């Protein structure tokens, strides 16, 4: 269920490392079953304490399926680089990946406002304090859902090593190494309907460097 089979010295049980990954990557891929068939869809998520939270239209069939109790598996992955070995067999990727399992719970109408504010502040930190409150109609058009991050329902796999070359290939010489991969925020692009010379909000001024989820 939660135990890695292959290269299981890459499995980590640190919850702290888990949070670090979940607070870095804003995209999750969610898998569920419909009529015996698998389905998978990407979606933004934020970790709000010990819950993974998503949201979307109350009219999405996918989100409705989860709201109705479809058991789910949630995958979150950071691709950190390419492992260039002296053979193709030992070539690889550096990455960090988490997989979480359970049933999403529907956030109650009374709680949606608070979870959505916290979700927004994952995606664009400090943004909630800059915006107007959501309207009752906006909230009624939104389904928010939360999956519990417990002790037993998650697995973390970490690969950040170097090529592991056969001694034969070493002897032959040749270059080996890692080409890193990073995901970075670009300079912001102002929308055409924004008044000329309007400043960047502080929250957006923060969206610089390598992509994070807090």
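Numbering follows the first chain given and starts at 1.
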Per the entry, where is the mean C-alpha temperature factor higher: 21-29 or 7-15?
-> 7-15
Given 60-68 and 168-176, the range whose Cα B-factors average higher in the PDB entry | 168-176
For the C-alpha B-factor as written in the entry, point me to the maximum among 45, 185, 154, 162.
-> 162
Specify which of 102, 81, 114, 125 carries the largest Cα B factor in the deposited PDB entry.
-> 125
Could you tell me which third, lowest, middle or highest, the C-alpha B-factor of residue 144 occupies within its chain?
-> lowest
Of the three thirds of its chain by CA temperature factor, lowest, middle or highest, which one includes residue 98?
-> lowest
Sort the modelled residues of this chain by their C-alpha B factor and say whether residue 35 lands in the lowest, middle or highest third.
-> highest
Residue 131 - Cα temperature factor, lowest/middle/highest third of chain | highest
